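These notes are about the structure you will find just below.
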Amino acid sequence: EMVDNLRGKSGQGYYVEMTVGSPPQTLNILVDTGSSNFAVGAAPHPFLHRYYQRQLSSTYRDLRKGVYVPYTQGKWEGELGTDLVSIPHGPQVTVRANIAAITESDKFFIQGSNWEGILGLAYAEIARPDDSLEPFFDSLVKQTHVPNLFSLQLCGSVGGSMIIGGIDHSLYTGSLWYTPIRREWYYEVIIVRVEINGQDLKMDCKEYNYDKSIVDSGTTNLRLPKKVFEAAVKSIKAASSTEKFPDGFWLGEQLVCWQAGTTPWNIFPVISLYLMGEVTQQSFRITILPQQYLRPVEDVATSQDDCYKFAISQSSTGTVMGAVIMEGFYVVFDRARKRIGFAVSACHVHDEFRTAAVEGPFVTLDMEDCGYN
Ligand SMILES: CCNc1cc(C(=O)N[C@@H](Cc2ccccc2)[C@H](O)CNC(C)(C)CCCC(C)C)cc(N2CCCC2=O)c1
């Protein structure tokens, strides 16, 4: 009954329906594996259709502590408190959790996104103000009999499914390949190799993980360390040289459009990200097609064409495998076994020539540890 319980709009995040307070106040909350704070708009804002009204909740408890959270994009400040929370289209349980009441924000809420809050699903180590603020999932597991695990199937209006407490076999095909969660703070993993159209980038694998690599459903793009990003773009341009695009495109500052239905998918290469396996020197790879890294930008004004933005960008905080990477894959966040599984999704991207895939195992003779720290 949790299938297709996610909605969203490209580049604006995926959200699930939740209720906070008593009586229940329904709100759409963005699913974010890239942070650990559960926060909801709690005051009027230009882009908010509704918000959390603490005065109307008889079960609310103020913690008398303020909180500030800065993201890559946007930031907000609010008041900490606790209240009862439930997930209509999820496990039928009610738990008391910490909630940050957003009273001030900057470039956080998105006009027309349809969500009013965020659910940080990562670990307490990155929660603000500090790790003593128990994240929502932790509270959920402690207070209920929900297994310490959740899976996300993001599909490219959009939708998807967030299965809490288990794995839904009808949401993927083939095998599930697991990569270790290197450290329990962000969902940190290790990339051991990167290929652009079968051609290895030939780089010390530590570069791919400088200073860390994570799985973040709350970030749109595939963000790469400067060195890797430059190498990647050079290779993608080479592969697509039959057409020349302005530098602004490769910088993600400009759209590229083609007449409706004529996008030349074939001139863009497949990007392979090899992830560390559960066994020494073993790995598996997930393949990304341009249908994933060329994000469609819907606009009625430009509807005679199909327009896209390059969804691969530079980062100075490590590799971020965002939503465009997760789309088309069934991703299992097995917190109980400190590992993340990937499998081809029931809504995977593909055309008559290529398809997104999860393949393994691959072996490496190199004995180097790809971990940066
Ligand atoms: C979906 C909206 N699009 C985005 C979002 C973000 C972004 O910062 N997302 C937040 C959550 C968030 C913030 C605002 C609105 C919605 C969700 C995420 O937690 C960061 N995780 C991090 C990176 C791990 C940081 C967590 C900080 C906390 C203090 C732990 C970056 C994007 N960018 C920036 C350039 C490329 C790109 O795609 C595009």
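Labels used: A, B, ... for chains in the order of the structure tokens, numbers from 1 for residues in each chain, and numbers from 1 for ligands as shown.
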Review point. Contacts of residue 279 (chain A) at 12 Å or less, counting only C-alpha atoms, minus same-chain residues fewer than 6 places along, as JSON, numbers by chain?
Key: {"A": [177, 178, 179, 180, 360, 361, 362, 363, 364]}
Please produce an output containing N, CA, C and O atoms for each residue in the selection, written as an mmCIF file, in the first residue's frame.
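Wrote it out as part.cif, contents follow:
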data_model
loop_
_atom_site.group_PDB
_atom_site.id
_atom_site.type_symbol
_atom_site.label_atom_id
_atom_site.label_comp_id
_atom_site.auth_asym_id
_atom_site.auth_seq_id
_atom_site.Cartn_x
_atom_site.Cartn_y
_atom_site.Cartn_z
ATOM 1 N N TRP A 177 22.588 -5.368 -5.838
ATOM 2 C CA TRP A 177 24.007 -5.355 -5.502
ATOM 3 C C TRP A 177 24.239 -4.365 -4.371
ATOM 4 O O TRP A 177 23.780 -3.225 -4.434
ATOM 5 N N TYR A 178 24.950 -4.800 -3.337
ATOM 6 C CA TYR A 178 25.202 -3.940 -2.191
ATOM 7 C C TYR A 178 26.596 -3.344 -2.095
ATOM 8 O O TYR A 178 27.591 -3.994 -2.412
ATOM 9 N N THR A 179 26.650 -2.097 -1.643
ATOM 10 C CA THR A 179 27.912 -1.403 -1.429
ATOM 11 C C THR A 179 27.897 -1.003 0.052
ATOM 12 O O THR A 179 26.859 -0.618 0.592
ATOM 13 N N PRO A 180 29.042 -1.116 0.739
ATOM 14 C CA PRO A 180 29.081 -0.758 2.160
ATOM 15 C C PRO A 180 28.867 0.723 2.462
ATOM 16 O O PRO A 180 29.240 1.593 1.676
ATOM 17 N N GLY A 360 27.541 -6.858 -12.188
ATOM 18 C CA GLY A 360 28.664 -7.261 -11.371
ATOM 19 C C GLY A 360 28.848 -8.762 -11.430
ATOM 20 O O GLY A 360 28.017 -9.459 -12.007
ATOM 21 N N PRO A 361 29.922 -9.292 -10.832
ATOM 22 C CA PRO A 361 30.918 -8.483 -10.129
ATOM 23 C C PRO A 361 32.122 -8.135 -11.003
ATOM 24 O O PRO A 361 32.384 -8.790 -12.015
ATOM 25 N N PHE A 362 32.838 -7.089 -10.616
ATOM 26 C CA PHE A 362 34.041 -6.684 -11.321
ATOM 27 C C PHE A 362 35.177 -6.797 -10.314
ATOM 28 O O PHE A 362 34.973 -6.581 -9.116
ATOM 29 N N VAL A 363 36.363 -7.160 -10.794
ATOM 30 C CA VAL A 363 37.523 -7.310 -9.926
ATOM 31 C C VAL A 363 38.651 -6.354 -10.306
ATOM 32 O O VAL A 363 38.819 -6.002 -11.473
ATOM 33 N N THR A 364 39.420 -5.937 -9.306
ATOM 34 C CA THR A 364 40.538 -5.028 -9.522
ATOM 35 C C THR A 364 41.808 -5.586 -8.895
ATOM 36 O O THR A 364 41.785 -6.088 -7.769
#
Review point. Do you know which residues are at most 10 Å from region 287-303 of chain A counting only C-alpha atoms, after dropping those on the same chain fewer than 5 positions away, and could you put them as a ChimeraX atom specification?
Key: /A:9-11,156-157,195-197,220-222,255-257,259-260,263-274,308-312,323-329,344,348-351,354-359
Selected residues written out with N, CA and C atoms, as a short mmCIF file (atom, residue, chain, number, x, y, z; two decimals), in the first residue's frame:
data_model
loop_
_atom_site.label_atom_id
_atom_site.label_comp_id
_atom_site.auth_asym_id
_atom_site.auth_seq_id
_atom_site.Cartn_x
_atom_site.Cartn_y
_atom_site.Cartn_z
N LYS A 9 8.29 17.06 -8.81
CA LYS A 9 8.45 17.76 -10.07
C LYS A 9 9.96 17.81 -10.31
N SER A 10 10.39 17.38 -11.49
CA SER A 10 11.81 17.36 -11.84
C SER A 10 12.61 18.53 -11.29
N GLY A 11 13.76 18.22 -10.68
CA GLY A 11 14.63 19.24 -10.14
C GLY A 11 14.10 19.95 -8.90
N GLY A 156 11.28 9.14 -13.19
CA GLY A 156 11.31 10.37 -13.95
C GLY A 156 10.12 10.48 -14.88
N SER A 157 5.58 16.32 -14.14
CA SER A 157 5.28 15.63 -12.89
C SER A 157 5.98 14.27 -12.80
N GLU A 195 33.80 5.26 -15.77
CA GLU A 195 33.99 5.11 -17.21
C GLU A 195 32.98 5.96 -17.97
N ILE A 196 33.44 6.55 -19.07
CA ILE A 196 32.59 7.37 -19.92
C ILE A 196 32.59 6.63 -21.24
N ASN A 197 31.47 5.99 -21.55
CA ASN A 197 31.34 5.21 -22.77
C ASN A 197 32.43 4.14 -22.83
N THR A 220 19.61 17.39 -6.67
CA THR A 220 19.19 17.04 -8.03
C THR A 220 20.26 16.38 -8.90
N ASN A 221 21.38 17.08 -9.05
CA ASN A 221 22.48 16.65 -9.91
C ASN A 221 23.43 15.60 -9.38
N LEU A 222 24.27 15.12 -10.29
CA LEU A 222 25.35 14.21 -9.96
C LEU A 222 26.41 15.28 -9.81
N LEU A 255 19.97 26.00 -21.03
CA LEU A 255 19.22 24.87 -21.58
C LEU A 255 19.62 24.56 -23.02
N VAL A 256 19.48 23.30 -23.40
CA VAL A 256 19.74 22.88 -24.77
C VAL A 256 18.41 22.31 -25.23
N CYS A 257 17.96 22.73 -26.41
CA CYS A 257 16.68 22.25 -26.91
C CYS A 257 16.75 21.70 -28.32
N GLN A 259 13.91 19.98 -31.52
CA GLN A 259 12.51 19.90 -31.91
C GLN A 259 11.92 18.69 -31.22
N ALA A 260 10.69 18.82 -30.73
CA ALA A 260 10.02 17.75 -30.00
C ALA A 260 10.19 16.36 -30.61
N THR A 263 15.45 14.49 -29.83
CA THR A 263 16.66 14.55 -29.02
C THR A 263 17.61 13.46 -29.50
N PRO A 264 18.85 13.82 -29.86
CA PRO A 264 19.87 12.88 -30.34
C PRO A 264 20.56 12.09 -29.22
N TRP A 265 19.78 11.32 -28.48
CA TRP A 265 20.30 10.53 -27.37
C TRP A 265 21.56 9.74 -27.70
N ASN A 266 21.64 9.24 -28.93
CA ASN A 266 22.78 8.43 -29.36
C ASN A 266 24.15 9.11 -29.37
N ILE A 267 24.20 10.44 -29.44
CA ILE A 267 25.50 11.11 -29.46
C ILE A 267 26.09 11.30 -28.06
N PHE A 268 25.28 11.05 -27.03
CA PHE A 268 25.74 11.19 -25.65
C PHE A 268 26.11 9.81 -25.11
N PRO A 269 27.25 9.73 -24.41
CA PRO A 269 27.75 8.48 -23.83
C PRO A 269 27.07 8.02 -22.55
N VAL A 270 27.27 6.75 -22.24
CA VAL A 270 26.74 6.15 -21.03
C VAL A 270 27.83 6.34 -19.98
N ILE A 271 27.44 6.74 -18.78
CA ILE A 271 28.41 6.93 -17.72
C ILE A 271 28.29 5.77 -16.75
N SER A 272 29.41 5.11 -16.48
CA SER A 272 29.43 3.99 -15.55
C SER A 272 30.13 4.36 -14.25
N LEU A 273 29.43 4.17 -13.14
CA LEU A 273 29.99 4.45 -11.83
C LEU A 273 30.18 3.10 -11.16
N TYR A 274 31.42 2.75 -10.83
CA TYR A 274 31.70 1.48 -10.17
C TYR A 274 31.75 1.70 -8.67
N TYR A 308 16.54 20.64 -22.14
CA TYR A 308 17.21 20.01 -21.00
C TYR A 308 18.34 20.84 -20.41
N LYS A 309 18.70 20.48 -19.19
CA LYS A 309 19.82 21.11 -18.52
C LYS A 309 20.80 19.98 -18.22
N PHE A 310 22.09 20.28 -18.29
CA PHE A 310 23.11 19.28 -17.99
C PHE A 310 23.04 19.07 -16.48
N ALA A 311 22.75 17.84 -16.05
CA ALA A 311 22.61 17.56 -14.63
C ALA A 311 23.83 16.98 -13.93
N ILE A 312 25.01 17.34 -14.42
CA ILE A 312 26.27 16.92 -13.81
C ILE A 312 26.95 18.25 -13.52
N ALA A 323 19.38 12.82 -7.20
CA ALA A 323 18.16 12.23 -7.75
C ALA A 323 18.26 11.75 -9.20
N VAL A 324 18.97 12.48 -10.05
CA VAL A 324 19.08 12.05 -11.44
C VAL A 324 19.80 10.71 -11.55
N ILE A 325 20.64 10.41 -10.57
CA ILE A 325 21.37 9.15 -10.57
C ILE A 325 20.50 8.02 -9.99
N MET A 326 19.75 8.34 -8.95
CA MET A 326 18.87 7.37 -8.31
C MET A 326 17.69 6.99 -9.19
N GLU A 327 17.23 7.92 -10.02
CA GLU A 327 16.10 7.65 -10.91
C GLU A 327 16.38 6.42 -11.77
N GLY A 328 15.39 5.54 -11.90
CA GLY A 328 15.59 4.35 -12.71
C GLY A 328 16.19 3.18 -11.94
N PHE A 329 16.58 3.41 -10.69
CA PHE A 329 17.13 2.34 -9.87
C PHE A 329 16.31 2.20 -8.61
N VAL A 344 17.96 -2.61 -10.89
CA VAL A 344 17.25 -1.95 -11.97
C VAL A 344 15.79 -1.80 -11.54
N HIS A 348 12.85 2.07 -14.90
CA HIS A 348 14.19 2.40 -15.40
C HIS A 348 14.12 3.08 -16.77
N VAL A 349 15.14 3.88 -17.08
CA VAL A 349 15.17 4.57 -18.36
C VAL A 349 15.82 3.68 -19.41
N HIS A 350 15.37 3.83 -20.65
CA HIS A 350 15.91 3.02 -21.73
C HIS A 350 15.32 3.41 -23.08
N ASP A 351 16.00 2.99 -24.14
CA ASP A 351 15.54 3.22 -25.49
C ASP A 351 15.82 1.92 -26.24
N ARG A 354 20.09 1.22 -25.71
CA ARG A 354 20.73 1.03 -24.41
C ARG A 354 19.74 1.05 -23.24
N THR A 355 20.20 0.59 -22.09
CA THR A 355 19.37 0.56 -20.90
C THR A 355 20.21 0.76 -19.64
N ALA A 356 19.64 1.41 -18.64
CA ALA A 356 20.34 1.61 -17.39
C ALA A 356 20.49 0.21 -16.82
N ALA A 357 21.60 -0.06 -16.14
CA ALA A 357 21.82 -1.39 -15.60
C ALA A 357 22.64 -1.41 -14.32
N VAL A 358 22.59 -2.54 -13.62
CA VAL A 358 23.36 -2.76 -12.40
C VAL A 358 24.03 -4.11 -12.67
N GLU A 359 25.33 -4.08 -12.92
CA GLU A 359 26.06 -5.29 -13.26
C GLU A 359 27.26 -5.57 -12.37
#
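Every residue having at least one atom no farther than 6 Å from ligand 1 is included below, with only C-alpha atoms and all ligand atoms taken into account: residues 11, 12, 13, 32, 34, 35, 69, 70, 71, 72, 73, 74, 108, 126, 218, 219, 220, 221 and 313 of chain A.
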Practice item. Would you mind telling me which residue in A:76, A:136, A:115, A:52 lies nearest to residue 98 (chain A) when using only C-alpha atoms? Key: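 Closest residue, counting only C-alpha atoms: A:136.
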Practice item. Identify which of the residues A:100, A:239, A:124, A:167 lies closest to residue 65 (chain A), counting only C-alpha atoms when measuring atom-to-atom distances. Key: A:100
Per residue of region 48-136 of chain A within 7 Å of region 22-26 of chain A, note the shortest atom pair and the distance in Å to one decimal, counting only C-alpha atoms, and order the rows by chain and increasing residue number, as CSV.
residue,atom,partner,partner_atom,distance
A:52,CA,A:25,CA,7.0
A:57,CA,A:22,CA,4.8
A:58,CA,A:22,CA,5.8
A:59,CA,A:22,CA,5.9
Exercise for review: Using only C-alpha atoms, pick whichever of A:27, A:367, A:127, A:140 has the shortest atom-to-atom distance to residue 49 (chain A).
Suggested key: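 Using only C-alpha atoms, the shortest distance to residue 49 (chain A) belongs to A:27.
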**Study point:** Nearest residue to residue 56 (chain A) from the set A:332, A:20, A:30, A:307 (distances using only C-alpha atoms)
**Key:**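 Nearest candidate to residue 56 (chain A) out of A:332, A:20, A:30, A:307: A:20.
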Exercise for review: Can you check which residues of region 168-214 of chain A DSSP gives as helix (DSSP H, G or I) on the backbone and send them as a list in words?
Suggested key: residues 169, 170, 171, 205, 206, 207, 208 and 209 of chain A
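Looking only at region 166-199 of chain A, the set that DSSP places in strand (DSSP E) from backbone geometry is residues 172, 173, 174, 175, 176, 177, 178, 179, 180, 188, 189, 191, 192, 193, 194, 195, 196 and 199 of chain A.
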Exercise for review: Within 10 Å of region 201-216 of chain A, counting only C-alpha atoms, which residues show up once you throw out same-chain ones fewer than 6 positions away? Write them as number ranges by chain, please.
Suggested key: A: 31-35, 121-122, 181-182, 185-195, 222-229, 231-232, 235, 273, 315-323, 325-326, 331, 333, 340, 366, 368-373
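The gap separating CA of residue 283 (chain A) from CA of residue 120 (chain A) is 28.2 Å, in Å to one decimal.
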Review point. Using only C-alpha atoms, which residues sit within 7 Å of residue 4 (chain A) once same-chain residues fewer than 5 positions away are excluded, as a ChimeraX atom specification?
Key: /A:159-161
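Residue nearest residue 285 (chain A), chosen from A:101, A:198, A:68, A:92 and counting only C-alpha atoms: A:198.
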Exercise for review: Choose the residue, out of A:110, A:2, A:276, A:336, that has the smallest atom-to-atom separation from residue 48 (chain A); count only C-alpha atoms.
Suggested key: A:110
Point to revise | Surrounding residues of residue 93 (chain A) excluding itself and chain neighbours under 2 positions, 10 Å, only C-alpha atoms, as a PyMOL selection string | key: chain A and resi 85-88+90-91+95+140+143-146
